[PDB]
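Trainee: First the structure, which I've put down as C-alpha coordinates, then a few questions once you've had a look.
Each answer follows from the model by the rule given with it, or from the source it names; nothing here is a laboratory result. Note that we place each Cβ from the backbone using ideal geometry, even for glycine, and neighbour counts take in every protein chain shown.
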Amino acid sequence: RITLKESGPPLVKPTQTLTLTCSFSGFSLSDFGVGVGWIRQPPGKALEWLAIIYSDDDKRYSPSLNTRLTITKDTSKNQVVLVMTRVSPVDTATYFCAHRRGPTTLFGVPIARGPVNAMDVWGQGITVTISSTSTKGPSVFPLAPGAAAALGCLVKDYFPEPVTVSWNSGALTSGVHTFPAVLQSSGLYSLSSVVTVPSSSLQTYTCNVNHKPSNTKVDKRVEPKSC
Amino acid sequence: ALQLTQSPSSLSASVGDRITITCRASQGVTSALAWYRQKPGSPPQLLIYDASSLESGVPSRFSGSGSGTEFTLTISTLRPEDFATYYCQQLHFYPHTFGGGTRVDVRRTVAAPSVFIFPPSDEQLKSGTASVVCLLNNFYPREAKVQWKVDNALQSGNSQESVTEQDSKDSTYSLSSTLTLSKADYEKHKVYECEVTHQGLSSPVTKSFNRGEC
Amino acid sequence: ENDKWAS
(Lines give C-alpha, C1' and ligand atoms only; values in the text may rest on other atoms or scores of the structure.)
Protein backbone atom coordinates (compact mmCIF):
# COMPACT_ATOMS: atom_id res chain seq x y z
CA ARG A 1 0.00 0.00 0.00
CA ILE A 2 1.31 3.32 -1.19
CA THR A 3 0.45 6.45 0.67
CA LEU A 4 1.72 10.06 0.34
CA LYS A 5 1.17 13.10 2.51
CA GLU A 6 2.01 16.77 2.00
CA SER A 7 3.23 19.09 4.77
CA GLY A 8 4.34 22.76 4.97
CA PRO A 9 3.00 26.18 6.04
CA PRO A 10 -0.74 26.85 5.53
CA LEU A 11 -0.09 30.53 5.23
CA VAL A 12 2.59 32.38 3.37
CA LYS A 13 3.19 36.02 2.55
CA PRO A 14 3.84 37.46 -0.92
CA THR A 15 7.50 37.49 -2.08
CA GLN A 16 8.25 34.75 0.42
CA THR A 17 9.59 31.29 -0.28
CA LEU A 18 7.35 28.24 0.08
CA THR A 19 8.82 24.83 0.89
CA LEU A 20 6.49 21.83 0.65
CA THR A 21 7.40 18.33 1.73
CA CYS A 22 5.90 15.07 0.42
CA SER A 23 6.60 12.16 2.83
CA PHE A 24 5.58 8.75 1.48
CA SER A 25 5.62 5.01 2.34
CA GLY A 26 5.10 1.82 0.28
CA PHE A 27 7.81 2.53 -2.33
CA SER A 28 11.31 3.87 -2.47
CA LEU A 29 12.59 6.65 -4.69
CA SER A 30 15.38 4.25 -5.42
CA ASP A 31 12.95 1.80 -7.06
CA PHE A 32 13.33 1.50 -10.83
CA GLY A 33 11.85 4.36 -12.86
CA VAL A 34 9.57 5.58 -10.09
CA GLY A 35 8.48 9.25 -10.07
CA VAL A 36 6.92 11.65 -7.58
CA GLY A 37 5.25 14.79 -9.03
CA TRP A 38 3.46 17.84 -7.66
CA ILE A 39 0.14 19.19 -8.94
CA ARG A 40 -1.81 22.20 -7.57
CA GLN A 41 -5.43 23.27 -7.64
CA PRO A 42 -6.46 26.91 -6.95
CA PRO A 43 -9.92 27.00 -5.28
CA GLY A 44 -12.67 26.26 -7.78
CA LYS A 45 -10.12 25.81 -10.60
CA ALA A 46 -8.62 22.94 -12.70
CA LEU A 47 -5.58 20.83 -11.81
CA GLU A 48 -2.26 22.30 -12.81
CA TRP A 49 0.92 20.21 -13.24
CA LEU A 50 4.03 21.63 -11.51
CA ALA A 51 6.97 19.25 -11.61
CA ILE A 52 8.15 15.70 -11.20
CA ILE A 53 11.31 13.92 -10.10
CA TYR A 54 12.38 10.31 -10.82
CA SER A 55 14.50 7.88 -8.85
CA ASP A 56 17.42 8.26 -11.36
CA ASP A 57 17.17 11.95 -10.38
CA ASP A 58 15.95 13.46 -13.72
CA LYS A 59 13.82 16.57 -12.90
CA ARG A 60 11.23 18.39 -15.04
CA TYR A 61 9.25 21.56 -14.41
CA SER A 62 6.26 23.38 -15.67
CA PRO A 63 7.70 25.94 -18.18
CA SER A 64 5.45 28.69 -16.79
CA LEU A 65 6.92 28.25 -13.26
CA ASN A 66 10.37 26.97 -14.06
CA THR A 67 12.22 29.97 -12.63
CA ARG A 68 10.47 29.76 -9.25
CA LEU A 69 10.53 25.95 -8.68
CA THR A 70 13.12 23.59 -7.33
CA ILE A 71 12.26 19.93 -6.73
CA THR A 72 14.59 17.62 -4.85
CA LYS A 73 14.53 14.24 -3.23
CA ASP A 74 15.78 12.71 -0.03
CA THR A 75 15.77 9.01 -0.76
CA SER A 76 16.80 7.86 2.67
CA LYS A 77 14.01 9.89 4.33
CA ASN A 78 11.39 8.93 1.70
CA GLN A 79 10.64 12.56 0.99
CA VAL A 80 10.40 14.85 -2.01
CA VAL A 81 10.62 18.57 -1.50
CA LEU A 82 9.31 21.29 -3.78
CA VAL A 83 10.52 24.84 -3.18
CA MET A 84 8.64 27.72 -4.77
CA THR A 85 10.18 31.18 -4.52
CA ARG A 86 8.65 34.61 -4.75
CA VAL A 87 5.08 33.54 -4.20
CA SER A 88 2.21 35.84 -4.89
CA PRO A 89 -1.57 35.60 -4.15
CA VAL A 90 -2.31 33.61 -7.36
CA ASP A 91 -0.21 30.81 -5.87
CA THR A 92 -2.94 30.13 -3.28
CA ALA A 93 -4.05 26.59 -4.02
CA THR A 94 -4.29 23.10 -2.67
CA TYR A 95 -0.93 21.37 -3.47
CA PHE A 96 -0.82 17.57 -4.05
CA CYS A 97 2.17 15.25 -4.50
CA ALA A 98 1.63 11.98 -6.35
CA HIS A 99 3.27 8.70 -7.26
CA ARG A 100 4.08 7.68 -10.79
CA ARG A 101 4.85 4.02 -11.48
CA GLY A 102 7.99 3.01 -13.34
CA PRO A 103 7.80 0.34 -16.16
CA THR A 104 6.87 -3.17 -15.14
CA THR A 105 9.91 -5.47 -15.09
CA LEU A 106 10.25 -9.25 -15.50
CA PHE A 107 13.39 -10.68 -13.93
CA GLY A 108 14.60 -7.08 -13.85
CA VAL A 109 13.86 -6.47 -17.48
CA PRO A 110 11.51 -3.63 -18.49
CA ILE A 111 8.63 -5.18 -20.46
CA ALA A 112 5.67 -2.81 -20.04
CA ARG A 113 5.62 0.97 -20.13
CA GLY A 114 1.83 1.38 -20.11
CA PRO A 115 1.79 1.64 -16.27
CA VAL A 116 3.78 4.90 -16.31
CA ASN A 117 0.98 6.67 -18.07
CA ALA A 118 -0.87 8.10 -15.01
CA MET A 119 -0.12 9.45 -11.53
CA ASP A 120 -1.68 6.44 -9.67
CA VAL A 121 -1.70 7.44 -5.97
CA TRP A 122 -2.23 10.90 -4.57
CA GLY A 123 -1.73 12.58 -1.22
CA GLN A 124 -4.75 14.24 0.47
CA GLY A 125 -3.40 17.69 -0.54
CA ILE A 126 -2.30 20.64 1.52
CA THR A 127 -4.08 24.00 1.37
CA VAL A 128 -1.79 27.01 1.08
CA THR A 129 -2.98 30.61 1.27
CA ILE A 130 -0.80 33.47 0.10
CA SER A 131 -1.68 36.77 1.75
CA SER A 132 0.20 39.55 3.52
CA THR A 133 -2.77 39.93 5.95
CA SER A 134 -2.58 39.60 9.69
CA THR A 135 -5.32 37.87 11.65
CA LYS A 136 -8.46 40.06 11.59
CA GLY A 137 -12.13 39.80 12.58
CA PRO A 138 -15.02 40.46 10.10
CA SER A 139 -17.29 43.49 9.94
CA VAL A 140 -20.85 42.24 9.67
CA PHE A 141 -23.38 44.15 7.64
CA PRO A 142 -27.08 43.56 6.96
CA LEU A 143 -28.43 42.47 3.60
CA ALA A 144 -32.08 43.59 3.52
CA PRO A 145 -34.85 43.40 0.83
CA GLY A 146 -42.28 32.09 -5.63
CA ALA A 147 -43.08 35.30 -3.67
CA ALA A 148 -40.11 34.56 -1.47
CA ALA A 149 -38.22 37.38 0.25
CA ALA A 150 -34.45 37.33 0.90
CA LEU A 151 -32.15 38.73 3.50
CA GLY A 152 -28.74 38.04 4.89
CA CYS A 153 -25.45 39.15 6.35
CA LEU A 154 -22.24 40.19 4.53
CA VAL A 155 -19.30 38.99 6.54
CA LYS A 156 -16.58 41.33 5.34
CA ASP A 157 -12.80 41.67 5.60
CA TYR A 158 -11.61 38.91 7.81
CA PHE A 159 -8.54 36.64 7.91
CA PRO A 160 -7.79 33.83 7.84
CA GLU A 161 -10.49 31.27 7.04
CA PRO A 162 -12.74 29.95 8.39
CA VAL A 163 -15.74 31.70 9.77
CA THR A 164 -19.02 30.06 10.91
CA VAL A 165 -22.47 31.49 10.33
CA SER A 166 -25.81 30.21 11.53
CA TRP A 167 -29.30 31.79 11.63
CA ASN A 168 -31.42 32.19 14.82
CA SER A 169 -28.85 30.44 16.96
CA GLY A 170 -29.16 27.36 14.80
CA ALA A 171 -32.96 27.14 14.57
CA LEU A 172 -33.22 28.55 11.09
CA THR A 173 -31.92 26.14 8.45
CA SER A 174 -34.39 25.86 5.62
CA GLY A 175 -33.67 28.34 2.85
CA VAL A 176 -30.24 29.20 4.25
CA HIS A 177 -27.30 29.54 1.82
CA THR A 178 -23.89 30.41 3.18
CA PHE A 179 -21.55 30.98 0.21
CA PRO A 180 -17.87 30.09 0.05
CA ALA A 181 -15.72 33.14 0.86
CA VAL A 182 -13.75 34.92 -1.86
CA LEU A 183 -10.18 36.13 -1.16
CA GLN A 184 -10.25 39.83 -2.07
CA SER A 185 -7.35 41.59 -3.72
CA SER A 186 -6.76 43.20 -0.34
CA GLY A 187 -5.83 39.74 1.07
CA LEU A 188 -8.89 39.52 3.30
CA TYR A 189 -11.80 37.20 2.83
CA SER A 190 -15.44 38.10 2.39
CA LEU A 191 -18.62 36.08 2.33
CA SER A 192 -22.36 36.41 2.30
CA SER A 193 -24.91 34.19 4.03
CA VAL A 194 -28.51 34.64 2.98
CA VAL A 195 -31.88 33.12 3.77
CA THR A 196 -35.12 32.99 1.77
CA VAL A 197 -38.50 32.94 3.56
CA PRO A 198 -42.22 33.23 2.63
CA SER A 199 -42.75 36.94 1.96
CA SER A 200 -45.04 36.84 4.97
CA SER A 201 -42.61 35.62 7.66
CA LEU A 202 -41.05 39.06 7.63
CA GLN A 203 -40.76 36.12 12.71
CA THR A 204 -37.22 37.62 13.44
CA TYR A 205 -33.89 36.90 11.68
CA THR A 206 -30.51 37.11 13.28
CA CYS A 207 -27.22 35.79 11.79
CA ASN A 208 -24.70 34.44 14.34
CA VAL A 209 -21.18 34.96 13.01
CA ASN A 210 -18.07 33.54 14.63
CA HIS A 211 -14.46 33.94 13.50
CA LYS A 212 -12.46 31.77 15.97
CA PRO A 213 -9.05 32.98 14.76
CA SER A 214 -9.68 36.54 16.02
CA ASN A 215 -12.10 35.79 18.88
CA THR A 216 -14.89 37.71 17.16
CA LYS A 217 -18.52 36.68 17.74
CA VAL A 218 -21.30 38.85 16.39
CA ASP A 219 -25.08 38.40 16.30
CA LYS A 220 -26.75 40.73 13.81
CA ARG A 221 -30.51 40.96 13.60
CA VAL A 222 -31.60 41.89 10.11
CA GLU A 223 -34.97 43.33 9.20
CA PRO A 224 -36.88 44.91 6.29
CA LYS A 225 -35.45 48.49 6.83
CA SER A 226 -37.79 51.58 6.58
CA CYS A 227 -37.57 52.18 10.51
CA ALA B 1 2.22 24.21 -25.43
CA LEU B 2 0.02 21.15 -25.98
CA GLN B 3 -3.66 21.75 -25.37
CA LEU B 4 -6.14 19.24 -23.85
CA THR B 5 -9.76 20.20 -24.27
CA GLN B 6 -12.48 18.28 -22.34
CA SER B 7 -16.10 18.11 -23.47
CA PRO B 8 -18.53 18.90 -22.21
CA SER B 9 -17.24 21.17 -19.51
CA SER B 10 -20.38 20.40 -17.45
CA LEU B 11 -22.92 17.59 -17.77
CA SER B 12 -26.14 16.68 -15.97
CA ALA B 13 -27.24 13.10 -15.43
CA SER B 14 -29.14 10.72 -13.22
CA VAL B 15 -28.22 7.53 -11.38
CA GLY B 16 -28.26 4.70 -13.91
CA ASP B 17 -27.35 6.83 -16.91
CA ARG B 18 -24.51 6.11 -19.32
CA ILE B 19 -22.29 9.10 -19.81
CA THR B 20 -19.27 9.68 -21.88
CA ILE B 21 -16.75 12.47 -21.45
CA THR B 22 -14.29 13.22 -24.20
CA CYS B 23 -10.79 14.77 -24.26
CA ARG B 24 -9.02 16.04 -27.38
CA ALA B 25 -5.35 16.90 -27.66
CA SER B 26 -3.83 19.54 -29.96
CA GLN B 27 -1.02 17.13 -31.05
CA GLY B 28 -0.98 13.32 -30.77
CA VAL B 29 -0.15 11.91 -27.34
CA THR B 30 -0.16 8.23 -28.41
CA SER B 31 -1.79 6.22 -25.59
CA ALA B 32 -0.23 8.25 -22.74
CA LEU B 33 -3.43 9.53 -21.22
CA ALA B 34 -5.05 9.03 -17.88
CA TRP B 35 -8.54 9.68 -16.48
CA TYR B 36 -9.35 10.71 -12.91
CA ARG B 37 -12.45 11.28 -10.86
CA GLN B 38 -12.30 13.88 -8.09
CA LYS B 39 -14.99 14.21 -5.50
CA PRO B 40 -15.40 17.47 -3.61
CA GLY B 41 -12.83 17.87 -0.83
CA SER B 42 -10.76 14.87 -1.98
CA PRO B 43 -7.69 14.31 -4.19
CA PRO B 44 -8.19 13.10 -7.76
CA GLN B 45 -8.44 9.27 -8.02
CA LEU B 46 -6.98 7.32 -10.94
CA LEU B 47 -9.64 5.45 -12.98
CA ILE B 48 -7.94 4.62 -16.31
CA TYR B 49 -4.23 4.68 -17.23
CA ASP B 50 -2.57 4.37 -20.63
CA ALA B 51 -5.88 5.45 -22.38
CA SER B 52 -7.75 2.26 -21.77
CA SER B 53 -6.31 0.11 -18.95
CA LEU B 54 -8.58 -0.25 -15.94
CA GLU B 55 -6.78 0.73 -12.76
CA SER B 56 -6.75 -1.93 -10.09
CA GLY B 57 -9.64 -1.67 -7.66
CA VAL B 58 -11.57 0.64 -9.95
CA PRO B 59 -15.15 -0.51 -10.73
CA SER B 60 -15.81 -2.04 -14.10
CA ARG B 61 -18.50 0.46 -15.11
CA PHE B 62 -15.61 2.79 -15.99
CA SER B 63 -14.15 2.45 -19.39
CA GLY B 64 -11.64 4.34 -21.47
CA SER B 65 -10.90 4.22 -25.21
CA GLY B 66 -9.07 6.16 -27.95
CA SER B 67 -5.44 7.08 -28.82
CA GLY B 68 -3.67 9.93 -30.69
CA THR B 69 -5.79 13.06 -30.29
CA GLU B 70 -9.18 11.85 -29.19
CA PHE B 71 -10.11 9.97 -26.01
CA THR B 72 -13.30 9.10 -24.22
CA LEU B 73 -14.23 7.92 -20.73
CA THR B 74 -17.58 6.31 -20.37
CA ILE B 75 -19.29 5.36 -17.20
CA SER B 76 -21.86 2.76 -18.23
CA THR B 77 -24.20 2.91 -15.20
CA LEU B 78 -23.75 6.14 -13.16
CA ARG B 79 -23.72 5.57 -9.39
CA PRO B 80 -24.22 8.35 -6.72
CA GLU B 81 -20.49 8.56 -6.01
CA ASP B 82 -19.91 9.49 -9.68
CA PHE B 83 -21.41 12.95 -9.32
CA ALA B 84 -18.09 14.66 -9.38
CA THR B 85 -15.54 16.34 -11.61
CA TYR B 86 -13.50 14.28 -14.08
CA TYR B 87 -10.12 15.15 -15.52
CA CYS B 88 -7.95 13.74 -18.31
CA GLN B 89 -4.10 14.04 -18.21
CA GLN B 90 -1.61 13.71 -21.01
CA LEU B 91 1.87 12.20 -20.17
CA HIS B 92 3.53 12.03 -23.61
CA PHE B 93 5.00 15.58 -23.61
CA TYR B 94 6.31 17.81 -20.83
CA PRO B 95 4.64 19.51 -19.21
CA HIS B 96 2.19 16.68 -18.37
CA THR B 97 -1.07 18.65 -19.00
CA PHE B 98 -4.48 18.27 -17.47
CA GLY B 99 -7.75 19.01 -19.22
CA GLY B 100 -10.14 21.69 -17.86
CA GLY B 101 -12.33 19.16 -16.17
CA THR B 102 -15.95 18.15 -16.63
CA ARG B 103 -18.43 18.51 -13.76
CA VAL B 104 -21.09 15.83 -13.59
CA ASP B 105 -24.09 16.86 -11.46
CA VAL B 106 -27.63 15.62 -10.59
CA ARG B 107 -30.05 16.46 -13.44
CA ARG B 108 -33.36 18.14 -12.51
CA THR B 109 -35.75 20.32 -14.39
CA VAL B 110 -34.68 23.75 -15.48
CA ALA B 111 -35.32 26.39 -12.83
CA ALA B 112 -34.72 30.11 -13.29
CA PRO B 113 -33.09 31.98 -10.43
CA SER B 114 -35.06 34.22 -8.07
CA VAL B 115 -32.95 37.40 -8.22
CA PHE B 116 -32.51 39.99 -5.45
CA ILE B 117 -30.33 43.13 -5.24
CA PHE B 118 -29.12 44.51 -1.94
CA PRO B 119 -27.85 48.09 -1.53
CA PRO B 120 -24.97 48.74 0.80
CA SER B 121 -25.83 49.28 4.47
CA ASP B 122 -25.50 52.78 5.93
CA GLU B 123 -23.27 51.14 8.47
CA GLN B 124 -20.79 50.02 5.78
CA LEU B 125 -20.98 53.40 4.00
CA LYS B 126 -19.77 55.16 7.21
CA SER B 127 -16.59 53.11 6.96
CA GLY B 128 -16.03 54.42 3.46
CA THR B 129 -16.79 51.34 1.36
CA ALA B 130 -19.85 50.28 -0.54
CA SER B 131 -20.79 46.68 -1.30
CA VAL B 132 -23.65 45.94 -3.61
CA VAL B 133 -24.70 42.31 -3.55
CA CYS B 134 -26.79 40.39 -6.01
CA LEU B 135 -28.31 37.05 -5.21
CA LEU B 136 -29.41 34.38 -7.71
CA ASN B 137 -31.32 31.84 -5.64
CA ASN B 138 -32.08 28.15 -6.41
CA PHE B 139 -31.50 27.88 -10.19
CA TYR B 140 -30.52 25.05 -12.61
CA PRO B 141 -28.46 24.39 -14.64
CA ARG B 142 -25.38 25.84 -12.96
CA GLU B 143 -24.28 28.24 -15.65
CA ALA B 144 -25.49 31.80 -15.02
CA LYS B 145 -24.12 35.18 -16.01
CA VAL B 146 -24.27 38.29 -13.86
CA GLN B 147 -23.54 41.71 -15.28
CA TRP B 148 -23.33 44.81 -13.08
CA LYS B 149 -24.38 48.15 -14.51
CA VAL B 150 -24.07 51.53 -12.78
CA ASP B 151 -25.93 54.44 -14.49
CA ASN B 152 -25.81 52.14 -17.53
CA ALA B 153 -22.06 51.70 -17.53
CA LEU B 154 -21.02 48.09 -17.82
CA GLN B 155 -18.93 47.19 -14.76
CA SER B 156 -15.76 45.16 -14.95
CA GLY B 157 -12.99 44.07 -12.60
CA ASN B 158 -14.80 45.26 -9.47
CA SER B 159 -17.03 42.31 -8.55
CA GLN B 160 -16.56 38.79 -7.21
CA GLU B 161 -18.91 35.87 -7.08
CA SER B 162 -19.15 32.44 -5.48
CA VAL B 163 -21.60 29.53 -6.07
CA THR B 164 -22.90 27.01 -3.54
CA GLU B 165 -22.44 23.27 -4.12
CA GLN B 166 -25.50 21.52 -5.69
CA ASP B 167 -28.22 21.30 -3.05
CA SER B 168 -28.76 17.66 -1.91
CA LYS B 169 -32.59 18.06 -1.81
CA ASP B 170 -33.25 20.71 -4.53
CA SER B 171 -30.47 19.86 -6.98
CA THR B 172 -30.34 23.64 -7.58
CA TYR B 173 -27.44 26.11 -7.15
CA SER B 174 -27.35 29.62 -5.72
CA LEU B 175 -24.94 32.42 -6.61
CA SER B 176 -23.81 35.51 -4.75
CA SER B 177 -22.12 38.39 -6.54
CA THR B 178 -20.58 41.41 -4.74
CA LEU B 179 -19.92 44.76 -6.54
CA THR B 180 -17.43 46.82 -4.47
CA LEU B 181 -16.83 50.57 -4.79
CA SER B 182 -15.46 53.31 -2.60
CA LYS B 183 -18.14 55.30 -0.77
CA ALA B 184 -17.09 58.25 -2.93
CA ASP B 185 -17.63 56.51 -6.29
CA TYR B 186 -20.79 55.01 -4.92
CA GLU B 187 -22.14 58.48 -4.24
CA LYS B 188 -21.41 59.65 -7.76
CA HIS B 189 -24.08 57.46 -9.36
CA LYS B 190 -27.74 56.55 -9.01
CA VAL B 191 -28.90 53.39 -10.81
CA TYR B 192 -27.25 50.20 -9.53
CA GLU B 193 -28.33 47.20 -11.58
CA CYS B 194 -27.69 43.45 -11.53
CA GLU B 195 -28.45 41.89 -14.95
CA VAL B 196 -28.92 38.11 -15.00
CA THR B 197 -28.80 35.68 -17.93
CA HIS B 198 -29.80 32.07 -17.47
CA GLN B 199 -31.27 29.25 -19.43
CA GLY B 200 -34.53 29.32 -17.50
CA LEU B 201 -35.14 32.98 -18.24
CA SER B 202 -36.85 33.85 -21.51
CA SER B 203 -34.70 37.00 -21.64
CA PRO B 204 -32.34 38.67 -19.11
CA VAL B 205 -33.84 39.88 -15.90
CA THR B 206 -32.63 43.06 -14.26
CA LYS B 207 -33.03 43.96 -10.56
CA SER B 208 -32.05 47.45 -9.52
CA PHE B 209 -32.40 50.42 -7.26
CA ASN B 210 -31.67 54.13 -7.31
CA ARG B 211 -29.18 55.14 -4.66
CA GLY B 212 -30.48 57.40 -1.94
CA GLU B 213 -34.04 57.15 -3.16
CA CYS B 214 -36.11 57.17 0.14
CA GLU C 1 10.09 17.68 -25.16
CA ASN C 2 9.16 13.93 -25.00
CA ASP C 3 8.09 12.33 -21.64
CA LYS C 4 10.74 10.08 -19.95
CA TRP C 5 9.05 7.00 -21.38
CA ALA C 6 8.18 8.20 -24.89
CA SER C 7 10.08 7.35 -28.14
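Trainee: Give just the number: which of (1) closer than 30 Å to residue A:227 by Cβ; (2) assigned to a strand (DSSP E or B) does residue B:186 not satisfy?
Mentor: (2)
Trainee: Still on this model: Going by the structure shown, is residue B:34 surrounded by 19 or more Cβ atoms within 10 Å (Cβ to Cβ) and assigned to a loop (DSSP other than H, G, I, E, B)?
Mentor: Details: surrounded by 19 or more Cβ atoms within 10 Å (Cβ to Cβ): yes; assigned to a loop (DSSP other than H, G, I, E, B): no.
No; evaluated as a whole, the condition is false for this residue.
Trainee: For region A:185-208, does any single residue satisfy the condition of being surrounded by fewer than 21 Cβ atoms within 10 Å (Cβ to Cβ), away from every other protein chain (no Cβ under 12 Å) and β-branched (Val, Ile, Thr)?
Mentor: For region A:185-208, residues surrounded by fewer than 21 Cβ atoms within 10 Å (Cβ to Cβ), away from every other protein chain (no Cβ under 12 Å) and β-branched (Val, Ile, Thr): present.
Trainee: Another question, if that's okay. If residue B:94 passes every condition in (1) of a type in the set (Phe, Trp, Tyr); (2) within 20 Å of the chain's Cα centre (by Cα); (3) facing chain A (nearest Cβ under 9 Å) but one, which one does it miss?
Mentor: (2)
Trainee: Might you check whether a residue that is surrounded by fewer than 21 Cβ atoms within 10 Å (Cβ to Cβ), in a loop (DSSP other than H, G, I, E, B) and not β-branched (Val, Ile, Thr) occurs anywhere in region B:129-139?
Mentor: Checked region B:129-139: no residue is surrounded by fewer than 21 Cβ atoms within 10 Å (Cβ to Cβ), in a loop (DSSP other than H, G, I, E, B) and not β-branched (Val, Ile, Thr).
Trainee: Please count how many residues of region B:1-31 are in a loop (DSSP other than H, G, I, E, B) and under 18 Å from the mean Cα position of the chain (by Cα). Let's see the steps before the verdict.
Mentor: Here is the first cut: in region B:1-31, the ones in a loop (DSSP other than H, G, I, E, B) are B:1-3, B:8-9, B:14-18, B:26-31.
Then keep just the ones that are under 18 Å from the mean Cα position of the chain (by Cα); that gives B:8-9.
Number of matching residues: 2.
Trainee: Here's a follow-up. Tally time: how many residues in region B:158-214 are among the basic types (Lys, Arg) and surrounded by fewer than 16 Cβ atoms within 10 Å (Cβ to Cβ)?
Mentor: Number of matching residues: 4.
Trainee: Go through region A:10-28 and count every residue that is out of contact with any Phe, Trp or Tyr (no Cβ under 8 Å at 6 or more places or on another chain) and either outside the structural domain of residue A:93 (by CATH) or closer than 22 Å to residue A:99 by Cα (or both).
Mentor: 9
Trainee: Pull up region A:113-147, narrow it to residues that are more than 9 Å from chain B (Cβ to nearest Cβ) and surrounded by fewer than 17 Cβ atoms within 10 Å (Cβ to Cβ), then point me to the one that is farthest from the chain's Cα centre (by Cα).
Mentor: Step by step, filter region A:113-147, then rank; the result is A:147.
Trainee: Answer with yes or no whether residue A:96 is out of contact with any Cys (no Cβ under 6 Å at 6 or more places or on another chain), part of a loop (DSSP other than H, G, I, E, B) and surrounded by 14 or more Cβ atoms within 10 Å (Cβ to Cβ).
Mentor: no
Trainee: Working only within region A:33-57, note down all residues that are within 20 Å of residue A:83 (Cβ to Cβ), assigned to a loop (DSSP other than H, G, I, E, B) and within 19 Å of the chain's Cα centre (by Cα).
Mentor: Across region A:33-57, the qualifying residue is only A:42.
Trainee: Check whether at least one residue in region B:157-176 is over 25 Å from residue A:43 (Cβ atoms) and not in a loop (DSSP other than H, G, I, E, B), and report yes or no.
Mentor: Taking every residue of region B:157-176 in turn, none turns out to be over 25 Å from residue A:43 (Cβ atoms) and not in a loop (DSSP other than H, G, I, E, B).
Trainee: Check off (1) assigned to a loop (DSSP other than H, G, I, E, B); (2) over 21 Å from the mean Cα position of the chain (by Cα) for residue B:123 and give me the number that stays unchecked.
Mentor: Failing condition for residue B:123: (1).
Trainee: Which number in (1) away from chain B (no Cβ under 11 Å); (2) part of a strand (DSSP E or B); (3) charged (D, E, K, R) marks the one condition that residue A:86 misses?
Mentor: All conditions pass for residue A:86, except number (2).
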